[PDB]
Student: 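Below you'll find the structure I mean.
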Amino acid sequence: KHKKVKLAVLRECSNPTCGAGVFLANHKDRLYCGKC
Amino acid sequence: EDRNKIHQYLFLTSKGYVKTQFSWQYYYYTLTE
Amino acid sequence: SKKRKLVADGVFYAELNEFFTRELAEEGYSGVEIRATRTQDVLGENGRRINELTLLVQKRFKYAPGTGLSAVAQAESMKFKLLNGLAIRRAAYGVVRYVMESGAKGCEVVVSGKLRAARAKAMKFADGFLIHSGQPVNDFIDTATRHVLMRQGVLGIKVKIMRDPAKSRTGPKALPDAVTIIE
Amino acid sequence: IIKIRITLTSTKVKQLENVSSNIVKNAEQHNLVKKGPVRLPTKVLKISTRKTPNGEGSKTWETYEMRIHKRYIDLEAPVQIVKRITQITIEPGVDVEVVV
Amino acid sequence: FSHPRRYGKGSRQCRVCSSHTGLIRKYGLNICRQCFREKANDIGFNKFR
Amino acid sequence: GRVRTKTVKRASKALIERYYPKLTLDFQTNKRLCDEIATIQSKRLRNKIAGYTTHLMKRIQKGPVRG
RNA sequence: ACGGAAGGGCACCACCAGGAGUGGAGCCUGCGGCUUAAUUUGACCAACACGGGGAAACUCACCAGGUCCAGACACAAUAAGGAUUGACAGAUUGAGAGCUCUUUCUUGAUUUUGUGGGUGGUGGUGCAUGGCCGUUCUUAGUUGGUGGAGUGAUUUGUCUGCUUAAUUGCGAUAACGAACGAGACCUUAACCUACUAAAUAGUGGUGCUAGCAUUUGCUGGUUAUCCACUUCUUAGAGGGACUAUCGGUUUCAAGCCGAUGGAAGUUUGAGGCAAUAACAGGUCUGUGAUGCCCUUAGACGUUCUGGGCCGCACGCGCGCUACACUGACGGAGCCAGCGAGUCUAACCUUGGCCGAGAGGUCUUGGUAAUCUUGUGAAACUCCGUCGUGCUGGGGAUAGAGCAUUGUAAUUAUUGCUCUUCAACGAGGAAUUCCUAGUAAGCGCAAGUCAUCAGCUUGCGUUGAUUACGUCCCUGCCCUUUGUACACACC
Ligand SMILES: [Mg+2]
Ligand SMILES: [Mg+2]
Ligand SMILES: [Mg+2]
Ligand SMILES: [Mg+2]
Ligand SMILES: [Mg+2]
Ligand SMILES: [Zn+2]
Ligand SMILES: [Zn+2]
């Protein structure tokens, strides 16, 4: 039951293969990217 | 691109341009005119 | 090894035999040597069909780019006839007559299954001279067993063709019990 | 001249002997020296199995065997008289390997 | 999603009908006990004794 | 037992009905000529034919036999 | 066709004459019964070491739980400010499982949603099948042409007799002449001082020679050490046996039995192939073989964890240990055969080193008549201990410890060591297999395998007894006979 909320109309880390679009989510101590 | 890779490796299973023969597990595919 | 290698080679011939039986059926396939009844639908569009077939077999077996009287053909042909629609007895009669009149010394066509929905009896159609158990059955008998799949059940066809021992052209030329005297 | 040893292996005795005698004769008229064809024992690949595709009926077994056999001949010849006789044996069913 | 199956009955399957039972692991056939006896002529295995 | 079938009896009788000023009552010299006066496809069948011809023409001096 | 009808004949799946037994005890396996969550399922001469079923995961279809789309495709209600997938950190759970919840990150026309249609199923029907096999059948039967008997269906041929393993024949005879099966055929095991050829086999003789011994004799190895050869071995072609010869017995002979020779005289031994056909025999749990029915995203599909097939008041079958003195135990002799054994890689293992043992380690030989292997196997044989006892037979059961295989050894996988040593004192009615290299005793190779034999398939070694027949027992075949059966005694 993954929902994938619509994410209606609205920085960068190591492994530069990501194109400067990996803005982190500010919950706590969130220095870990989505990819890893 | 994830299907373009295989469709350029060629030179979809039901639309056409595919003949499927099984012959012990090896899914013999060929194209059609 | 060599023992395992040649066993694998025989298995390889098995995949060729079955694959050509399934693929080249509509074009009259008889046996891997390609031996087909007609060699124009084999070539197709001036080599397209043979090129694609050899490409497929090469890619399957990991190769480089360049590395009438037969019971099997008769059974495939009559399976096609019975599948596209024809009286089973009439088709068996036609195949048997063709075989027996084309120099063959005997034929038998056995149809088992639900011909018409019933207790599925098995009816034979035998004409000519017929040999049974003994080395002659290996020497000169061609046998083919095929499964016809129509809208109701399965029909098993067993076709046995005897080529004339007199025109053997290889091996024994008469029957083991055949004796011919001259004076 | 270079030294070679040809080994012939096959299942069908008639064509295997045709090759084993064709090579001997075609060395003969070319006047080579060779030790006669050594006939290694025939390997019967007996495989036992069950006749029934299931477990019903009287216990009856089916025995298969694929008789495989083999010969080897050693001789000496130049590269031309090696290749021109190596390319003669193309008979289907008999495999030949040449060691140097 | 897949635990190791490099050995045992599940590791190898019959090359003909994908059956895991009755497989003959001899001479490199890897053919099931019915499939081999059916297609024995094409491999060269014949009955003489 | 040691009974000879029709494929032996008929062939021996056919040999004798046209080969009397011919093969004697010794099996060794019967089989050798049966080799070229019969296209027998088996060595032991040929030997059976020669043996039964030997028996038949061994008894033929004790009276004619039918067939 | 059938008969709870008769007569002939056949058969160690029957007996007579016998041997090994089994049923008597223990253990291993299968089935039943019971139990359970499941103890999966099919099968009752012709099921019950069978589905090559010796199941820790898989196998598996059974159960207690958890994920996955592996739902193609013209097709519509979802799109270019977003149709969908993916997620580490926490609750969750066996789970580093984003399976579910806090949760906001990524990719961007694949997918996902509602209808249609596919797909798979070890899901059901063997009484819907094909095929394959089993049984009738380790039995001998089946059918034209011409002619003959009948209006005819049909019948003779295809048989009163004798012989054979045989409808194998002889023979008699409205039959003659034949055809399929049997036989013939083929594979293998026997021999051939012969044809051919062999550092992938062996033997002779020379050096290279160590020993015994030295008048040159014996035994040994000389893996690039030399030549010759095929007696041993191998495998191609052929040969030989054809009951050959001779007697007795044969109705008239087919044949039978003796003696001789022969390599072998029972189809020379054993087998492969096995016709007309019939089963509601078995198998949908082999098939991407399949008809039909059921299910298909809360899946009977696939995948992961664990459990299950093993489970125990009880009966039965296939097997082993034996129940001892022909034995048991120590040493010593080292005598086979059929096979099998790894190059994208981990198999067959020789030889050293370690350990009591299993086993480990460094390599070497082997893709193989090349190395395992000469399978230095067992039973067995020589010499000794045990001396007739629940004994030192027996190794059931259990306790303790060490390793191998395996992601995972607990419900011991298995191997090894020590240790209480249980029933069994030769077996009940009954019942199974078998006639010469056969039974029995014995182990070996392969199959099942990552490992595990008591299993099976092949093999060799030691190797008897009794019989050379009969229809009393059982079953089958043929003939006759009765039928109101014909879907044929369901
Ligand atoms: Mg026969
Ligand atoms: Mg399932
Ligand atoms: Mg009649
Ligand atoms: Mg069980
Ligand atoms: Mg078993
Ligand atoms: Zn990143
Ligand atoms: Zn298969």
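Below, chain A is the first sequence line, B the second, and so on; all start at residue 1. Because only heavy atoms are used, hydrogens play no part in the values below, and waters and symmetry mates are left out as well, while side chains stay in.
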Student: Under 4.0 Å between a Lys/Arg side-chain N and an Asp/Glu carboxylate O for D:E28 and D:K25?
Tutor: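 A salt bridge is absent here (no side-chain N lies under 4.0 Å from a carboxylate O).
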Student: Examine C:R22 relative to C:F20 and say whether NZ or CZ is less than 6.0 Å from the centre of the six-membered ring and inside a 45° cone about the ring axis.
Tutor: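 The answer is no, since C:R22 fails at least one limit relative to C:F20.
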Student: Name the closest nucleotide to the D:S58 side chain, picking from G:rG286, G:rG134, G:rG131.
Tutor: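 Nearest to the side chain of D:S58 among the choices is G:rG134.
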Student: The side chain of E:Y7 lies closest to which of these nucleotides: G:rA340, G:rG406, G:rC50?
Tutor: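 It is G:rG406.
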Student: Counting only Watson-Crick or G-U wobble geometry with both distances under 3.5 Å, does G:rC186 pair with G:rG271?
Tutor: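 Check passed, canonical or wobble pair found.
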Student: Counting only distance, no hydrogens or angles, is the base of G:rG281 paired donor-acceptor with the side chain of D:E56 under 3.5 Å?
Tutor: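 Answer yes: a donor N or O sits under 3.5 Å from an acceptor.
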Student: For A:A25 and A:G34, take the nucleotide of RNA chain G holding the closest heavy atom to each; which residue's nucleotide lies nearer the 5' end?
Tutor: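 Counting from the 5' end, the first nearest nucleotide belongs to A:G34.
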Student: Applying ring pair (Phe, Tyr, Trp, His ring centres under 6.0 Å), which residue pairs with at least one partner in residues 37-75 of chain D are found, sequence neighbours left out?
Tutor: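 For residues 37-75 of chain D, and leaving out neighbouring residues, the ring pair (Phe, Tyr, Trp, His ring centres under 6.0 Å) pairs sorted by first residue read D:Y64-E:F36.
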Student: Indicate yes if the six-membered rings of G:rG108 and G:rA109 are centred less than 5.5 Å apart and inclined by less than 30°, otherwise no.
Tutor: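 Stacking test on this dinucleotide step: no.
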Student: Does G:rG121 stack on G:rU122, meaning their six-ring centres are under 5.5 Å apart and the planes differ by under 30°?
Tutor: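 Not both cut-offs are satisfied, so the bases of these neighbours are not stacked.
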Student: Distance between the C1' atoms of G:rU385 and G:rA346, in whole angstroms?
Tutor: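 Approximately 50 Å lies between the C1' atom of G:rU385 and that of G:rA346.
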Student: Can you confirm whether G:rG265 and G:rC242 pair in Watson-Crick or G-U wobble fashion, both distances under 3.5 Å?
Tutor: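 The answer is yes: G:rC242 partners G:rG265.
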Student: Quick one, G:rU414 with G:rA356, are they a Watson-Crick or G-U pair at under 3.5 Å for both distances?
Tutor: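 Pairing fails for G:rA356 and G:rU414, missing the Watson-Crick or G-U definition.
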Student: Do any side-chain nitrogens or oxygens of C:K3 fall under 4.0 Å of OP1 or OP2 in G:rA340?
Tutor: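 Indeed, a polar side-chain atom of C:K3 lies that close.
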Student: From the set G:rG134, G:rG240, G:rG282, return the single nucleotide nearest to any side-chain atom of D:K51.
Tutor: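 The listed nucleotide nearest to D:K51's side chain is G:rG134.
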Student: Respond yes when some side-chain nitrogen or oxygen of E:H3 is under 4.0 Å from OP1 or OP2 of G:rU305, and no when none is.
Tutor: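 The answer is yes; a side-chain N or O of E:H3 sits under 4.0 Å from OP1 or OP2.
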Student: Heavy atom of residues 111-126 of chain C under 4.0 Å from RNA chain G: which residues?
Tutor: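 Hits under 4.0 Å, by residue number: C:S112, C:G113, C:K114, C:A118, C:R119, C:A120, C:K124.
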Student: Could you check which nucleotide pairs with G:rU342 in any of the strands shown, counting Watson-Crick or G-U wobble with both distances under 3.5 Å?
Tutor: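 Here G:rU342 is not engaged in any pair, so there is no nucleotide opposite it.
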Student: Confirm from the modelled atom types if A:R30 and G:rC105 form a donor-acceptor pair under 3.5 Å, side chain to base only.
Tutor: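 In this structure, the two groups form no donor-acceptor pair.
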Student: Would you measure the distance from the P atom in G:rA299 across to the matching atom in G:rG123 and give it in whole Å?
Tutor: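 Pairwise P distance, G:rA299 against G:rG123, rounds to 16 Å.
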Student: Just by distance, do the side chain of F:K31 and the backbone of F:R46 share a donor-acceptor pair under 3.5 Å?
Tutor: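 Flag not set: sc F:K31 to bb F:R46 has no pair under 3.5 Å.
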Student: Does G:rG145 have a Watson-Crick or wobble partner in any strand here, with both distances under 3.5 angstrom, and which is it?
Tutor: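 Result: G:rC176.
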Student: Would G:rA14 and G:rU470 pass as a Watson-Crick or G-U wobble pair if both distances have to be under 3.5 angstrom?
Tutor: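 Both donor-acceptor distances below 3.5 Å, so yes.
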Student: To the nearest 0.5 angstrom, please state how far the OG atom of B:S23 sits from the CD atom of C:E15.
Tutor: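 Output value for this atom pair is 9.0 Å.
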Student: Of the nucleotides G:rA241, G:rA289, G:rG86, which has the atom closest to the C:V154 side chain?
Tutor: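 For the C:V154 side chain, the nearest candidate turns out to be G:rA289.
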Student: Determine, with a yes or no, whether G:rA263 stacks on G:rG262 under the 5.5 Å centre and 30 degree plane limits.
Tutor: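 No, G:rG262 and G:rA263 do not stack on each other.
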Student: Would one find a side-chain N or O of B:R3 under 4.0 angstrom from OP1 or OP2 of G:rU111?
Tutor: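 Looking at the OP1 and OP2 atoms of G:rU111, neither is under 4.0 Å from any side-chain N or O of B:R3.
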Student: If we take the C1' atom in both G:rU29 and G:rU448, what is their distance in whole Å?
Tutor: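 Comparing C1' positions in G:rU29 and G:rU448 gives a spacing of 15 Å.
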Student: When rounded to the nearest Å, what value does the distance between P atoms of G:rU219 and G:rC229 take?
Tutor: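 Approximately 26 Å lies between the P atom of G:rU219 and that of G:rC229.
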Student: Please identify which of these residues, F:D26, F:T24, F:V65, F:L23, meets the side chain to side chain contact (heavy atoms under 4.5 Å, CB included) condition with F:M57.
Tutor: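 Between F:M57 and the candidates, side chain to side chain contact (heavy atoms under 4.5 Å, CB included) is satisfied uniquely by F:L23.
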Student: Quote, to the nearest angstrom, the P distance that separates G:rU193 from G:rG262.
Tutor: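 Looking at atom P only, G:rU193 and G:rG262 are 15 Å apart.
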Student: Between G:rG339, G:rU200, G:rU106, which nucleotide gets closest to the side-chain atoms of D:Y72?
Tutor: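 So the nucleotide nearest the side chain must be G:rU200.
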Student: Select one nucleotide: of G:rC186, G:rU100, G:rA74, the one nearest the side-chain heavy atoms of A:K1.
Tutor: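 Among G:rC186, G:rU100, G:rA74, the one nearest the side chain of A:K1 is G:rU100.
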Student: Which of the following nucleotides, G:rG236, G:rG339, G:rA184, is nearest to the side chain of D:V44?
Tutor: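 Nearest nucleotide to the side chain: G:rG339.
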Student: Measure from the side-chain heavy atoms of D:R50 and tell me the nearest of G:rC449, G:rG52, G:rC185.
Tutor: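 The closest nucleotide is G:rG52.
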Student: Please measure how far the P atom in G:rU407 lies from the corresponding atom in G:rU342, and state the result in whole Å.
Tutor: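 These two P atoms come out 22 Å apart once rounded.
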Student: Measuring only the P atom in each nucleotide, how far is G:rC434 from G:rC13? A whole number of Å is fine.
Tutor: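 Rounded to whole Å, the distance is 6 Å.
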Student: Distance between the P atoms of G:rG114 and G:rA345, in whole angstroms?
Tutor: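 One P to the other, the span is 47 Å.
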Student: Looking at A:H2, I'd like to know whether one of its side-chain N or O atoms comes within less than 4.0 Å of OP1 or OP2 on G:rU85.
Tutor: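 Yes.
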Student: Counting the atoms with a prime plus P, OP1 and OP2 as sugar-phosphate, which does D:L45 contact under 4.0 Å by heavy atoms, base, sugar-phosphate, or nothing?
Tutor: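 If one applies the 4.0 Å heavy-atom cut-off, D:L45 turns out to touch the sugar-phosphate alone, with no base involved.
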Student: How about E:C32 and E:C35: are their SG atoms under 2.5 Å apart?
Tutor: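 Taking the criterion (SG atoms under 2.5 Å apart), E:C35 and E:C32 satisfy it, so yes.
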Student: So do G:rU233 and G:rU234 actually stack on each other, going by six-membered ring centres closer than 5.5 Å and planes off by less than 30°?
Tutor: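 Yes, six-membered rings of the two bases stack.
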Student: Under a 3.5 Å cut-off for both distances, is G:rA213 Watson-Crick or wobble paired, and to whom?
Tutor: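 For G:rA213, the partner nucleotide comes out as none, under the 3.5 Å rule.
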Student: What's the closest nucleotide to the D:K70 side chain, out of G:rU200, G:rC105, G:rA235?
Tutor: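 Selected nucleotide (nearest to the side chain): G:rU200.
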Student: Report the glycosidic orientation of G:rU122: syn if within 90° of 0, anti in every other case.
Tutor: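 You should classify G:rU122 as syn.
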Student: Under 4.0 Å between a side-chain N or O of E:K9 and OP1 or OP2 of G:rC449?
Tutor: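 Affirmative; the distance criterion is met.
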Student: Please encode protein proximity along nucleotides 160-172 of chain G as a string of B, S and -, counting only heavy-atom distances under 4.0 Å.
Tutor: ----SBB-BSSSS
Student: So C:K79 and C:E76, do their side chains get closer than 4.5 Å, heavy atoms only?
Tutor: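 When only atoms from C-beta onward are counted, C:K79 and C:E76 do touch, with a gap below 4.5 Å.
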Student: Check every atom of G:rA89, G:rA369, G:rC132 against the side chain of D:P41 and return the nucleotide holding the closest atom.
Tutor: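 Closest nucleotide to the D:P41 side chain: G:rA369.
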Student: Going by Watson-Crick or G-U wobble geometry, both distances under 3.5 Å, is G:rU203 a partner of G:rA228?
Tutor: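 Yes; the pair between G:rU203 and G:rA228 satisfies the definition, which requires both distances under 3.5 Å.
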Student: Regarding G:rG341, can its base be found pairing with the side chain of E:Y27 as donor and acceptor, where the two atoms are less than 3.5 Å apart?
Tutor: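 No such pair is found, so the answer is no.
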Student: Which residue, A:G21 or D:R71, contacts RNA chain G at a nucleotide closer to its 5' end, judged by nearest heavy atom?
Tutor: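 Taking each residue's closest nucleotide, the earlier one in sequence belongs to A:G21.
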Student: Starting from the C-alpha separation in whole Å, work towards a yes-or-no answer on side chain to side chain donor-acceptor pair (under 3.5 Å) for F:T7 and C:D177.
Tutor: CA-CA 6 Å; F:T7 313; C:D177 49 355; 4.8 Å; no
Student: Does E:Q34 contact G:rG52 through a side-chain donor or acceptor facing the base, at a distance under 3.5 Å?
Tutor: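 Result: no qualifying N/O pair found.
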Student: Hey, does the base of G:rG126 sit stacked on G:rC127, as in ring centres below 5.5 Å and plane angle below 30°?
Tutor: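 Per the 5.5 Å and 30° rule, G:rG126 does not stack on G:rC127.
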